[PDB]
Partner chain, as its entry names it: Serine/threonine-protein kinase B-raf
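The data below hold one chain only, encoded as structure tokens and taken in the form solved without the partner chain.
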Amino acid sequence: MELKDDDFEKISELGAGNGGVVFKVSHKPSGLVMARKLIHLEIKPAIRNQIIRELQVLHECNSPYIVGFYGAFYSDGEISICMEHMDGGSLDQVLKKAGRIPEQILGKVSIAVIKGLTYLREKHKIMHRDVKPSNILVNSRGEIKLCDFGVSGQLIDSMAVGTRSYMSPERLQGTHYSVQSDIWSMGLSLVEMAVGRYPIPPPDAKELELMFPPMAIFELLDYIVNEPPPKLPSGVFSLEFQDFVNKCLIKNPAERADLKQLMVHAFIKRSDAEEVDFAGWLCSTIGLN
């Protein structure tokens, strides 16, 4: 079925973020609850038909680790992307309530991100471009899925920043970047969720005892490109997890681990084996089921 503006009805607002707001909506003709992302674009009518045409590949983006797609259209000054409602929300939301995310839980998350990036790369030849906690969504059936990845090339162009960057050193320094940049983003996201806060600048020894002003924009970006990469703090995390994120955060992107290597890493093999009620932990910490 084709999706269209007057067939919808706002239930609530799921949140906002720099460009679009997303609503929990009811598609009246189907009865389905969806998440409708609206993106305001003051843009000519020729190229907003190309954006919709290129978003149609999301119908073939079927994966347990990728947020489902219902359809896309253009309304009155905004392009709508309609997707699976994830009732657990994004991992930046669950991090606020949880304080930290346990290491065993981040094992299941890491697996999901690797397998989702791998799906997008192998089957659709695209990189995410925007891996961070807010773009990793979870639900009460225990599924972990990626969204807001760069399918339509034209859509990226029409939106071309924020106080916290998950961009790799190489991407910050110029156009010389590709799929390896997503690895860096994931690594930083994992350190953040593990520790309970954005890991740049790194916490001093006294701030690490308490756990276990904000930087200016240039000061922060200068740290990412010129200062050594964030480490997972020793002792409280396993040696295999520390190595995992260290391989993800190697400044040199060719020296840095790629998806193939991370898939067979000791941390992933171990987390594959582990028995985790992720559904039960997720609902327990945010109050749902």
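Think of the rigid core as the biggest set of C-alphas that the two forms share within 1.5 Å after superposition. Positions refer to the first chain, counted from 1.
**Student:** Return whichever of 267-275 or 10-18 has the larger RMS Cα deviation from the displayed form in 5 other deposited structures of this protein, where every structure is aligned on the rigid core.
**Tutor:** Evaluated in 5 other deposited structures of this protein, the stretch farther from the shown form is 10-18.
**Student:** Between 185-193 and 171-179, where do the CA atoms move more in 5 other deposited structures of this protein, taking the root mean square over the structures and residues after a core fit?
**Tutor:** It is 171-179 whose C-alphas lie farther from the shown form in 5 other deposited structures of this protein.
**Student:** Does the deposited sequence hold unmodelled residues between residue 212 and residue 213, and if so, how many: none, 1 to 3, 4 to 9, or 10 or more?
**Tutor:** Per the record, 10 or more deposited residues are absent between residue 212 and residue 213.
**Student:** From residue 160 on to residue 161, does the model leave out none, 1 to 3, 4 to 9, or 10 or more residues of the deposited sequence?
**Tutor:** 1 to 3 residues lack coordinates between residue 160 and residue 161.
**Student:** Got a sec? Mean C-alpha B-factor, which is higher, 38-46 or 220-228?
**Tutor:** Taking the mean B-factor of the alpha carbons in each, 38-46 is higher.
**Student:** May I ask you to compare 201-209 and 113-121 by their mean CA B factor in the entry and name the higher one?
**Tutor:** Between 201-209 and 113-121, it is 201-209.
**Student:** If you check the C-alpha B-factor for each of 84, 192, 170, 76 in the entry, which is highest?
**Tutor:** Result of the comparison over 84, 192, 170, 76: 76.
**Student:** What's the residue among 132, 128, 164, 145 with the greatest CA temperature factor in the PDB record?
**Tutor:** The listed residue with the largest C-alpha B-factor is 164.
**Student:** Taking the entry's C-alpha B-factors for this chain, is residue 244 in the lowest, middle or highest third?
**Tutor:** Residue 244: CA B-factor falls in the middle third of its chain.
**Student:** Would you check the entry's CA temperature factor for residue 187 and let me know if it's in the chain's lowest, middle or highest third?
**Tutor:** Its C-alpha B-factor belongs to the lowest third of this chain's values.
**Student:** Can you tell me which third, lowest, middle or highest, the CA B-factor of residue 95 falls into for its chain?
**Tutor:** Middle third of the chain for residue 95's C-alpha B-factor.
**Student:** Comparing against every modelled residue in the chain, figure out the third that the C-alpha B-factor of residue 175 lands in (lowest, middle or highest).
**Tutor:** As the PDB entry reports it, the C-alpha B-factor of residue 175 lands in the highest third of its chain.
**Student:** Check where residue 236 lands among this chain's C-alpha B-factors and tell me if it's the lowest, middle or highest third.
**Tutor:** Ranked within chain, residue 236 CA B lands in the highest tercile.
Omitted here: the form deposited with the partner chain bound. The next part is about that form.
**Student:** Contact between residue 222 and the partner chain in the entry with it bound at 4.5 Å, heavy atoms?
**Tutor:** Output for residue 222 is yes: heavy atoms within 4.5 Å of the partner chain.
**Student:** Using 4.5 Å between non-hydrogen atoms, is residue 172 touching the partner chain in the entry with it bound?
**Tutor:** The answer is yes: residue 172 has a heavy atom within 4.5 Å of the partner chain.
**Student:** Please determine whether residue 99 contacts the partner chain in the entry with it bound, using a 4.5 Å cut-off between heavy atoms.
**Tutor:** No, no contact at 4.5 Å.
**Student:** Looking at the partner-bound form in the entry with it bound, is residue 263 within 4.5 Å of the partner chain by any heavy atom?
**Tutor:** Judged by the heavy-atom cut-off of 4.5 Å, residue 263 is well away from the partner chain in the entry with it bound.
**Student:** Of the residues 167, 86, 194, 72, which one places a heavy atom within 4.5 Å of the partner chain in the entry with it bound?
**Tutor:** Residue within 4.5 Å of the partner: 167.
**Student:** Can you pick out, from 234, 49, 30, 226, the residue that has a heavy atom within 4.5 Å of the partner chain in the entry with it bound?
**Tutor:** For this set of options, the contacting one is 226.
**Student:** In the entry with it bound, which of the stretches 202-210, 149-157, 110-118, 136-144 has residues with heavy atoms within 4.5 Å of the partner chain?
**Tutor:** It is 149-157 that comes within 4.5 Å of the partner.
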